[PDB]
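Reproduced below: coords-v6.csv, with CSV, N, CA and C atoms.
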chain,number,residue,atom,x,y,z
A,360,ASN,N,99.7,93.6,27.6
A,360,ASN,CA,98.8,94.6,27.1
A,360,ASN,C,97.4,94.4,27.7
A,361,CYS,N,97.3,94.2,29.0
A,361,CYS,CA,96.1,93.8,29.7
A,361,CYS,C,95.8,94.6,30.9
A,362,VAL,N,94.9,94.2,31.7
A,362,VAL,CA,94.6,94.9,33.0
A,362,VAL,C,95.2,94.2,34.2
A,363,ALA,N,95.2,92.9,34.2
A,363,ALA,CA,95.8,92.1,35.3
A,363,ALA,C,95.1,92.5,36.6
A,364,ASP,N,93.8,92.5,36.6
A,364,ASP,CA,93.0,93.0,37.8
A,364,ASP,C,93.2,91.9,38.9
A,365,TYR,N,93.0,92.4,40.2
A,365,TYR,CA,93.1,91.6,41.3
A,365,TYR,C,91.7,91.4,42.0
A,366,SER,N,90.7,91.3,41.2
A,366,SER,CA,89.3,91.0,41.8
A,366,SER,C,89.2,89.6,42.3
A,367,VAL,N,90.1,88.7,41.9
A,367,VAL,CA,90.0,87.3,42.3
A,367,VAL,C,90.3,87.2,43.8
A,368,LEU,N,91.4,87.9,44.3
A,368,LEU,CA,91.8,87.8,45.7
A,368,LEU,C,91.1,88.8,46.6
A,369,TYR,N,90.2,89.5,46.1
A,369,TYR,CA,89.5,90.5,47.0
A,369,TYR,C,88.7,89.8,48.1
A,370,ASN,N,87.8,88.9,47.7
A,370,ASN,CA,87.0,88.1,48.7
A,370,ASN,C,87.9,86.9,49.1
A,371,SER,N,88.2,86.0,48.1
A,371,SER,CA,89.0,84.8,48.3
A,371,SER,C,88.5,83.9,49.4
A,372,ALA,N,89.4,83.0,49.9
A,372,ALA,CA,89.1,82.1,51.0
A,372,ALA,C,90.4,81.6,51.6
A,373,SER,N,90.7,82.0,52.8
A,373,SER,CA,91.9,81.7,53.5
A,373,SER,C,93.1,82.2,52.7
A,374,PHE,N,93.9,81.3,52.2
A,374,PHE,CA,95.1,81.6,51.4
A,374,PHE,C,96.2,82.4,52.3
A,375,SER,N,97.4,82.5,51.7
A,375,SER,CA,98.4,83.2,52.5
A,375,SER,C,99.2,84.2,51.7
A,376,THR,N,99.1,84.3,50.4
A,376,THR,CA,99.8,85.2,49.5
A,376,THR,C,101.4,85.1,49.7
A,377,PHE,N,102.1,86.0,49.1
A,377,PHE,CA,103.6,86.0,49.2
A,377,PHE,C,104.1,86.6,50.5
A,378,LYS,N,103.2,87.1,51.4
A,378,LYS,CA,103.5,87.6,52.7
A,378,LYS,C,104.4,88.8,52.7
A,379,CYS,N,104.5,89.6,51.7
A,379,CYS,CA,105.2,90.8,51.7
A,379,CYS,C,104.4,92.0,51.5
A,380,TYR,N,103.6,92.1,50.5
A,380,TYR,CA,102.6,93.2,50.2
A,380,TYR,C,103.3,94.6,50.5
A,381,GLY,N,104.3,94.9,49.6
A,381,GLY,CA,105.1,96.1,49.8
A,381,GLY,C,104.3,97.3,49.8
A,382,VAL,N,103.4,97.5,48.8
A,382,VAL,CA,102.6,98.7,48.6
A,382,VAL,C,101.1,98.3,48.8
A,383,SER,N,100.4,99.0,49.7
A,383,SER,CA,99.0,98.8,49.9
A,383,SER,C,98.6,97.4,50.0
A,384,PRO,N,98.8,96.8,51.2
A,384,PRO,CA,98.5,95.3,51.4
A,384,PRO,C,97.0,95.1,51.2
A,385,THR,N,96.6,94.0,50.6
A,385,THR,CA,95.3,93.6,50.3
A,385,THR,C,94.5,94.5,49.4
A,386,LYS,N,95.2,95.6,49.0
A,386,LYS,CA,94.6,96.6,48.0
A,386,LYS,C,95.3,96.4,46.7
A,387,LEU,N,96.6,96.6,46.6
A,387,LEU,CA,97.4,96.5,45.4
A,387,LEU,C,96.7,97.2,44.2
A,388,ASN,N,96.9,96.6,43.0
A,388,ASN,CA,96.3,97.2,41.8
A,388,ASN,C,96.7,98.6,41.5
A,389,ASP,N,97.9,98.9,41.8
A,389,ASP,CA,98.5,100.2,41.5
A,389,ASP,C,99.7,100.2,40.6
A,390,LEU,N,100.3,99.1,40.3
A,390,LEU,CA,101.4,98.9,39.4
A,390,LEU,C,101.1,98.0,38.3
A,391,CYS,N,101.6,98.3,37.1
A,391,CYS,CA,101.2,97.5,35.9
A,391,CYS,C,102.0,96.2,35.8
A,392,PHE,N,103.3,96.2,36.0
A,392,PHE,CA,104.2,95.1,35.8
A,392,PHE,C,104.2,94.7,34.3
A,393,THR,N,105.2,93.9,33.9
A,393,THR,CA,105.4,93.6,32.5
A,393,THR,C,104.3,92.6,32.1
A,394,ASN,N,104.1,91.5,32.8
A,394,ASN,CA,103.2,90.4,32.5
A,394,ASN,C,102.8,89.7,33.7
A,395,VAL,N,101.9,88.7,33.5
A,395,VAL,CA,101.4,87.9,34.6
A,395,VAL,C,101.7,86.4,34.4
A,396,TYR,N,102.9,86.2,33.8
A,396,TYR,CA,103.3,84.8,33.6
A,396,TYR,C,103.2,83.9,34.8
A,397,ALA,N,102.4,82.9,34.8
A,397,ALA,CA,102.1,82.0,35.9
A,397,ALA,C,102.3,80.6,35.5
A,398,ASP,N,103.4,80.1,36.0
A,398,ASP,CA,103.8,78.7,35.7
A,398,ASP,C,102.8,77.7,36.4
A,399,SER,N,102.6,76.6,35.8
A,399,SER,CA,101.7,75.6,36.3
A,399,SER,C,102.4,74.6,37.2
A,400,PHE,N,102.0,74.5,38.4
A,400,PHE,CA,102.6,73.6,39.4
A,400,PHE,C,101.7,73.5,40.6
A,401,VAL,N,101.8,72.3,41.3
A,401,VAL,CA,101.0,72.1,42.5
A,401,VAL,C,102.0,71.5,43.6
A,402,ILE,N,101.9,72.1,44.8
A,402,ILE,CA,102.7,71.6,45.9
A,402,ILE,C,101.7,71.4,47.1
A,403,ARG,N,102.3,70.7,48.1
A,403,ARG,CA,101.5,70.4,49.3
A,403,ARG,C,101.0,71.7,50.0
A,404,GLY,N,101.9,72.6,50.1
A,404,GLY,CA,101.6,73.9,50.7
A,404,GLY,C,101.8,74.0,52.2
A,405,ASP,N,102.0,72.9,52.9
A,405,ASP,CA,102.3,73.0,54.4
A,405,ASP,C,103.6,73.6,54.6
A,406,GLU,N,104.6,73.3,53.8
A,406,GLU,CA,106.0,73.9,53.9
A,406,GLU,C,106.0,75.2,53.0
A,407,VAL,N,105.2,76.1,53.4
A,407,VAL,CA,105.1,77.4,52.6
A,407,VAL,C,106.3,78.2,52.8
A,408,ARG,N,107.1,78.0,53.9
A,408,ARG,CA,108.3,78.8,54.1
A,408,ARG,C,109.3,78.5,53.1
A,409,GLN,N,109.5,77.2,52.7
A,409,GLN,CA,110.5,76.8,51.7
A,409,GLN,C,110.3,77.4,50.4
B,459,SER,N,99.7,96.7,59.9
B,459,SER,CA,100.8,97.2,59.1
B,459,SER,C,102.1,97.0,59.8
B,460,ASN,N,103.2,97.1,59.1
B,460,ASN,CA,104.5,96.9,59.6
B,460,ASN,C,104.8,98.0,60.7
B,461,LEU,N,105.9,97.7,61.5
B,461,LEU,CA,106.2,98.5,62.6
B,461,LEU,C,107.3,99.5,62.3
B,462,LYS,N,107.2,100.7,63.0
B,462,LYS,CA,108.3,101.6,63.0
B,462,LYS,C,109.5,100.9,63.8
B,463,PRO,N,110.7,101.2,63.4
B,463,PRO,CA,111.9,100.6,64.0
B,463,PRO,C,111.9,100.9,65.5
B,464,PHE,N,112.3,99.8,66.2
B,464,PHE,CA,112.3,99.9,67.7
B,464,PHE,C,110.9,100.1,68.3
B,465,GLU,N,110.0,99.2,68.0
B,465,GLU,CA,108.7,99.2,68.4
B,465,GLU,C,108.4,98.1,69.4
B,466,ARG,N,107.3,98.2,70.1
B,466,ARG,CA,106.9,97.2,71.1
B,466,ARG,C,105.4,97.2,71.2
B,467,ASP,N,104.7,96.3,70.4
B,467,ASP,CA,103.3,96.3,70.3
B,467,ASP,C,102.8,95.1,71.2
B,468,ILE,N,102.1,95.4,72.3
B,468,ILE,CA,101.6,94.5,73.2
B,468,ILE,C,100.0,94.4,73.0
B,469,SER,N,99.5,95.0,72.0
B,469,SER,CA,98.0,95.0,71.9
B,469,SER,C,97.5,93.6,71.6
B,470,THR,N,96.4,93.3,72.3
B,470,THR,CA,95.7,92.0,72.2
B,470,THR,C,94.4,92.0,71.5
B,471,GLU,N,94.1,93.1,70.7
B,471,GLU,CA,92.9,93.2,70.0
B,471,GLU,C,92.7,92.2,68.9
B,472,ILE,N,91.5,91.8,68.7
B,472,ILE,CA,91.2,90.7,67.7
B,472,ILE,C,91.4,91.3,66.3
B,473,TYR,N,91.6,90.5,65.3
B,473,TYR,CA,91.8,90.9,63.9
B,473,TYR,C,90.5,90.8,63.2
B,474,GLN,N,90.2,91.9,62.4
B,474,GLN,CA,89.1,91.9,61.4
B,474,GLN,C,89.8,91.9,60.0
B,475,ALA,N,90.0,90.7,59.5
B,475,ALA,CA,90.7,90.5,58.3
B,475,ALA,C,89.8,90.7,57.0
B,476,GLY,N,88.5,90.8,57.3
B,476,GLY,CA,87.6,90.9,56.2
B,476,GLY,C,86.6,92.0,56.4
B,477,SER,N,85.6,92.2,55.5
B,477,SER,CA,84.5,93.2,55.7
B,477,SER,C,83.5,92.8,56.8
B,478,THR,N,83.5,91.6,57.3
B,478,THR,CA,82.6,91.2,58.3
B,478,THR,C,83.1,91.7,59.7
B,479,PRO,N,82.3,92.5,60.4
B,479,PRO,CA,82.8,93.0,61.7
B,479,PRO,C,83.0,91.8,62.7
B,480,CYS,N,84.0,91.9,63.5
B,480,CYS,CA,84.3,90.9,64.5
B,480,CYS,C,83.7,91.2,65.8
B,481,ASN,N,83.2,92.4,66.1
B,481,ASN,CA,82.6,92.8,67.4
B,481,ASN,C,83.4,92.4,68.6
B,482,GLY,N,84.7,92.3,68.4
B,482,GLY,CA,85.6,91.9,69.5
B,482,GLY,C,85.4,90.5,70.0
B,483,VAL,N,84.9,89.6,69.2
B,483,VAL,CA,84.8,88.1,69.5
B,483,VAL,C,85.3,87.3,68.3
B,484,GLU,N,85.9,86.2,68.6
B,484,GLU,CA,86.5,85.3,67.6
B,484,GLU,C,85.4,84.8,66.6
B,485,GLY,N,85.8,84.5,65.4
B,485,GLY,CA,84.9,84.1,64.4
B,485,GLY,C,85.6,84.1,63.0
B,486,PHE,N,84.7,84.1,62.0
B,486,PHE,CA,85.2,84.2,60.6
B,486,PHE,C,85.9,85.5,60.4
B,487,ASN,N,87.1,85.5,59.8
B,487,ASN,CA,87.9,86.7,59.6
B,487,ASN,C,88.2,87.3,61.0
B,488,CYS,N,88.3,86.5,62.0
B,488,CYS,CA,88.6,87.0,63.4
B,488,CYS,C,89.6,86.0,64.0
B,489,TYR,N,90.9,86.3,63.8
B,489,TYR,CA,92.0,85.5,64.3
B,489,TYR,C,92.8,86.2,65.3
B,490,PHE,N,93.2,85.5,66.4
B,490,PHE,CA,94.0,86.0,67.4
B,490,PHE,C,95.4,86.4,66.9
B,491,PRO,N,96.0,87.5,67.4
B,491,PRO,CA,97.3,88.0,66.9
B,491,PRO,C,98.5,87.1,67.4
B,492,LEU,N,98.3,86.5,68.5
B,492,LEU,CA,99.4,85.8,69.2
B,492,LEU,C,99.3,84.3,69.0
B,493,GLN,N,100.4,83.7,68.6
B,493,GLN,CA,100.4,82.2,68.5
B,493,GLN,C,101.7,81.7,69.1
B,494,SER,N,101.6,80.6,69.7
B,494,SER,CA,102.7,80.0,70.5
B,494,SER,C,103.6,79.0,69.7
B,495,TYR,N,104.9,79.2,69.8
B,495,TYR,CA,105.8,78.3,69.0
B,495,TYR,C,105.6,76.9,69.4
B,496,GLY,N,105.5,76.6,70.7
B,496,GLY,CA,105.5,75.2,71.1
B,496,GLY,C,106.8,74.5,71.0
B,497,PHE,N,107.8,75.0,71.7
B,497,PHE,CA,109.2,74.5,71.6
B,497,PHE,C,109.3,73.2,72.4
B,498,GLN,N,109.8,72.1,71.8
B,498,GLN,CA,110.0,70.8,72.4
B,498,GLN,C,111.3,70.3,72.0
B,499,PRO,N,112.0,69.5,72.8
B,499,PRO,CA,113.4,69.1,72.6
B,499,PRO,C,113.6,68.4,71.3
B,500,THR,N,112.6,67.7,70.7
B,500,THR,CA,112.8,66.9,69.5
B,500,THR,C,112.4,67.8,68.2
B,501,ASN,N,112.6,69.1,68.3
B,501,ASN,CA,112.2,69.9,67.2
B,501,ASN,C,113.3,69.8,66.1
B,502,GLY,N,113.0,70.5,65.0
B,502,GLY,CA,113.9,70.4,63.8
B,502,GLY,C,115.2,71.2,63.9
B,503,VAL,N,115.9,71.3,62.8
B,503,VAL,CA,117.2,71.9,62.8
B,503,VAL,C,117.1,73.4,63.0
B,504,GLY,N,116.0,74.0,62.5
B,504,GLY,CA,115.8,75.5,62.7
B,504,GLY,C,114.5,75.8,63.4
B,505,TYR,N,114.2,74.9,64.4
B,505,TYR,CA,112.9,75.1,65.1
B,505,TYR,C,113.1,75.1,66.6
B,506,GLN,N,114.4,75.0,67.1
B,506,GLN,CA,114.6,75.1,68.5
B,506,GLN,C,114.5,76.5,69.0
B,507,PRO,N,114.2,76.8,70.3
B,507,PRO,CA,114.2,78.2,70.8
B,507,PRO,C,115.6,78.8,70.8

Represent the structure of the file as structure tokens.
Amino acid sequence: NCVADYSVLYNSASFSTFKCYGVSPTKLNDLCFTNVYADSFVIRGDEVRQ
Amino acid sequence: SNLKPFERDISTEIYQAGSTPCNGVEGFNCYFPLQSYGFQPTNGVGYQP
């Protein structure tokens, strides 16, 4: 029951995202989705393909 | 953006990934489109050419 705005990744710094961006890449913010459940985990990130 | 099926894009223009203009020269938010794999004999299981 929220907004789930994407103002955080507008400017950002580097990053790679999920590399799909099906609708409006780098714009998004057009679909509501059920929730923004974000599990807590940290990885090295070099093996981003896996 | 993604390509139409059976396309061949040989453009070498620089990328402007942000609001900062690139003016056709490398810099912040200005990354070259082409990168080389660098194939060498001792590569991984799924890294050979």

Residues at most 8 Å from residue 393 in chain A, counting all atoms listed in the file, excluding those fewer than 3 positions away in the same chain, as a short mmCIF file (atom, residue, chain, number, x, y, z; two decimals) with N, CA and C atoms, in the coordinates of the input?
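New file out-v9.cif:
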data_model
loop_
_atom_site.label_atom_id
_atom_site.label_comp_id
_atom_site.auth_asym_id
_atom_site.auth_seq_id
_atom_site.Cartn_x
_atom_site.Cartn_y
_atom_site.Cartn_z
N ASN A 360 99.70 93.60 27.60
CA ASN A 360 98.80 94.60 27.10
C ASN A 360 97.40 94.40 27.70
N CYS A 361 97.30 94.20 29.00
CA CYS A 361 96.10 93.80 29.70
C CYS A 361 95.80 94.60 30.90
N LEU A 390 100.30 99.10 40.30
CA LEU A 390 101.40 98.90 39.40
C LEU A 390 101.10 98.00 38.30
N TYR A 396 102.90 86.20 33.80
CA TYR A 396 103.30 84.80 33.60
C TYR A 396 103.20 83.90 34.80
#

If I take CA of residue 466 in chain B and CA of residue 489 in chain B, how far is one from the other in Å, to one decimal?
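Straight-line distance from CA of residue 466 in chain B to CA of residue 489 in chain B works out to 20.1 Å.
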
Quick one: pick out all alpha helix (DSSP H) residues within chain A from a backbone DSSP run and write them as a PyMOL selection string.
chain A and resi 367-370

Export, as a PDB file, in the frame of the given file, the selected residues with N, CA and C atoms.
ATOM      1  N   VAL A 367      90.100  88.700  41.900  1.00  0.00           N
ATOM      2  CA  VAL A 367      90.000  87.300  42.300  1.00  0.00           C
ATOM      3  C   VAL A 367      90.300  87.200  43.800  1.00  0.00           C
ATOM      4  N   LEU A 368      91.400  87.900  44.300  1.00  0.00           N
ATOM      5  CA  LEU A 368      91.800  87.800  45.700  1.00  0.00           C
ATOM      6  C   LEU A 368      91.100  88.800  46.600  1.00  0.00           C
ATOM      7  N   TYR A 369      90.200  89.500  46.100  1.00  0.00           N
ATOM      8  CA  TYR A 369      89.500  90.500  47.000  1.00  0.00           C
ATOM      9  C   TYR A 369      88.700  89.800  48.100  1.00  0.00           C
ATOM     10  N   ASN A 370      87.800  88.900  47.700  1.00  0.00           N
ATOM     11  CA  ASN A 370      87.000  88.100  48.700  1.00  0.00           C
ATOM     12  C   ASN A 370      87.900  86.900  49.100  1.00  0.00           C
TER      13      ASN A 370
END

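The interatomic distance for the pair CA of residue 395 in chain A and CA of residue 373 in chain A works out to 22.0 Å.
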
Interface, chain A side, toward chain B (12 Å; only C-alpha atoms) as a VMD selection string
chain A and resid 368 to 373 378 to 385 408

Two-atom distance - atom N of residue 492 in chain B, CA of residue 471 in chain B (Å):
8.7 Å

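Residue nearest residue 470 in chain B within the list B:491, B:502, B:496, B:507: B:491 [criterion: smallest interatomic distance, only C-alpha atoms].
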
Calculate, to one decimal in Å, the centre and edge lengths of the box along x, y and z of the file that holds all listed atoms of range 362-381 of chain A with 3 Å of margin on each side, and present them as JSON.
{"center_x": 96.1, "center_y": 89.3, "center_z": 42.6, "size_x": 24.2, "size_y": 22.0, "size_z": 27.8}

Using only C-alpha atoms, determine which residues lie at most 8 Å from residue 472 in chain B, disregarding the query and same-chain residues fewer than 3 positions distant; provide the list as a ChimeraX atom specification.
/B:480,482-484,488-491
